[PDB]
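Residue numbers (PDB author numbering): 50 to 108. Heads up, the beta-carbon is just placed ideally off N, CA and C, and yes, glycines get one too. Beneath this line is the structure, given in structure tokens, with notes to follow.
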Ligand SMILES: [Zn+2]
């Protein structure tokens, strides 16, 4: 990705949580949502959810 999309990490909304995107949390790709496994908070997906390499290849 030389001179390309840098991409930024997606940290949970909650400050105390700020848990990175892990395969443990319930990612509702259908409802464009993802529930946390710790704070258990529903966060909406970002407008630029492209760069994110993790997302690109959903496990
Ligand atoms: Zn959380």
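- Residue 105 carries a helical assignment under DSSP once its states are collapsed to helix, strand and coil.
- The alpha helix (DSSP H) runs of length 4 or more contained entirely in the region 71-107 are, from start to end of the chain, 102-105.
- Not one heavy atom of ligand 1 is found less than 8 Å from the C-beta of residue 93.
- Contact check for residue 90 against residue 61 passes: the beta carbons are separated by less than 9 Å.
- Here residue 68 carries a coil assignment [DSSP, helix/strand/coil].
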